[PDB]
Amino acid sequence: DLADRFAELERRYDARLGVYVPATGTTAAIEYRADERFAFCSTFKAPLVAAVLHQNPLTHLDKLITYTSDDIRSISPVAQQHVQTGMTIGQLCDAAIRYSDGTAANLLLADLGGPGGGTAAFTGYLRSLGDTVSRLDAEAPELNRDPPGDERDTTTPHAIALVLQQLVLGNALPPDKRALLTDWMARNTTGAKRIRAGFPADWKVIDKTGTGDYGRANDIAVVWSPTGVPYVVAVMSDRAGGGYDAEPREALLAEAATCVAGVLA
Ligand SMILES: *C(=O)[C@@H](NC(=O)[C@H](O)c1ccccc1)[C@@H]1NC(C(=O)O)=C(CSc2nnnn2C)CS1
């Protein structure tokens with residue numbers, strides 16, 4: 001029983017775990033706390049890049065964005081390095097997805113524009129995909145810091161999986177922009193120990209991770225079986241019981257993913 005296994009993992013890691021895999025032709029939806037809110041953390045950067053792609057001609061990726069010392073306020077492995085030269089929108093999308101770059105994401109929110117530094121337009125984009133649940137209220141670093149239970153900067157495993165399904169597998173984006181998003185997620189450097197670790201090597205995994213305070217660790221993926229059957233996998237967790245400084249536990253997501261992969265194989 002999957003629910004028993006998921007509950008066991010919660011006890012093991014003193015965590016709250018959320019899992020959603022949307023139904024397919026022959027598989028029923030997999031759901032565990034799937035309609036409970038969890039912080040986005042960096043997982044928002046996948047639909048964010050899609051919003052930026054959608055909003056602009058493809059050649060907007062070649063526009064150089066300049067930024068300064070006071071723009072670096074969060075983990076920004078790429079943007080810290082190019083602060084002196086600037087970065088193109090294309091480079092920013094790359095950094096945001098593949099390195100979970102916080103400054104890159106903040107700059108992409110600014111590019112999207114409008115109230116709240118782009119957070120309202122981001123949320124508006126999710127609404128256009130029929131997501132009436134998720135909300136983004138702050139940028140990095142604030143978005144990772146909301147108290148457990150607080151609805152600011154949250155999604156649910158159910159909501160984000162349906163968003164990702166439309167972006168990667170559905171028609172939310174034209175094929176050319178869809179490929180850009182897909183490729184970036186395919187080349188992600190941060191997800192080796194999460195959903196990827198739970199699926200056999202002959203399954204293709206593309207993903208976007210999130211990590212935050214109160215032991216928050218998320219991963220949203222699209223996976224393909226060895227015969228090219230796709231599934232969307234959203235795993236979210238927090239550890240409120242350790243307080244603000246609770247260590248995120250990647251191993252929990254790898255184990256949850258292993259359990260999911262066992263059902264889907
Ligand atoms: C997006 O979630 C973003 N998270 C943060 O900036 C958090 O505030 C945070 C910082 C330090 C430690 C924990 C949380 C960034 N995204 C991610 C991610 O997606 O995983 C991380 C995880 S750390 C990482 N990245 N690659 N390899 N490791 C390990 C922190 S920055």
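Residues: numbered from 1 along the sequence shown. Counting convention: from 1, in listed order, for ligands and their atoms alike.
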Exercise. Is a side-chain N or O of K177 found less than 3.5 angstrom from the main chain of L53, in a donor-acceptor match?
Worked result: yes

Exercise. Would you call the rings of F122 and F44 parallel, tilted or perpendicular, where under 30° means parallel and over 60° means perpendicular?
Worked result: perpendicular

Exercise. Do the non-hydrogen side-chain atoms of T209 and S42 ever get within less than 4.5 Å of each other?
Worked result: no

For this session: Examine distances only and state if a side-chain atom of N218 and a backbone atom of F40 form a donor-acceptor pair shorter than 3.5 Å.
Result: yes

Pairs under 3.5 angstrom, nitrogen or oxygen on both sides, ligand 1 versus protein: list them out, please.
{"residue": "ligand 1", "atom": "2 (O)", "partner": "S42", "partner atom": "N", "Å": "2.7"}
{"residue": "ligand 1", "atom": "2 (O)", "partner": "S42", "partner atom": "OG", "Å": "2.4"}
{"residue": "ligand 1", "atom": "2 (O)", "partner": "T211", "partner atom": "N", "Å": "3.0"}
{"residue": "ligand 1", "atom": "2 (O)", "partner": "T211", "partner atom": "O", "Å": "3.1"}
{"residue": "ligand 1", "atom": "4 (N)", "partner": "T211", "partner atom": "O", "Å": "2.9"}
{"residue": "ligand 1", "atom": "6 (O)", "partner": "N144", "partner atom": "ND2", "Å": "3.4"}
{"residue": "ligand 1", "atom": "8 (O)", "partner": "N144", "partner atom": "ND2", "Å": "2.9"}
{"residue": "ligand 1", "atom": "16 (N)", "partner": "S42", "partner atom": "OG", "Å": "3.0"}
{"residue": "ligand 1", "atom": "16 (N)", "partner": "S100", "partner atom": "OG", "Å": "2.7"}
{"residue": "ligand 1", "atom": "19 (O)", "partner": "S100", "partner atom": "OG", "Å": "3.1"}
{"residue": "ligand 1", "atom": "19 (O)", "partner": "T209", "partner atom": "O", "Å": "3.1"}
{"residue": "ligand 1", "atom": "19 (O)", "partner": "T209", "partner atom": "OG1", "Å": "2.5"}
{"residue": "ligand 1", "atom": "20 (O)", "partner": "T209", "partner atom": "OG1", "Å": "3.0"}
{"residue": "ligand 1", "atom": "20 (O)", "partner": "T211", "partner atom": "OG1", "Å": "2.9"}

Indicate every side-chain donor-acceptor pair of residues 248-265 with a distance under 3.5 Å to a residue at least two apart or in another chain.
{"residue": "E250", "atom": "OE2", "partner": "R194", "partner atom": "NE", "Å": "2.8"}
{"residue": "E250", "atom": "OE2", "partner": "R194", "partner atom": "NH2", "Å": "3.4"}
{"residue": "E255", "atom": "OE1", "partner": "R12", "partner atom": "NH1", "Å": "2.9"}
{"residue": "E255", "atom": "OE2", "partner": "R12", "partner atom": "NH1", "Å": "3.2"}
{"residue": "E255", "atom": "OE2", "partner": "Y13", "partner atom": "OH", "Å": "2.5"}
{"residue": "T258", "atom": "OG1", "partner": "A254", "partner atom": "O", "Å": "2.8"}

Exercise. Is any side-chain N of the basic residue among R11 and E8 closer than 4.0 Å to the acidic one's carboxylate O?
Worked result: no

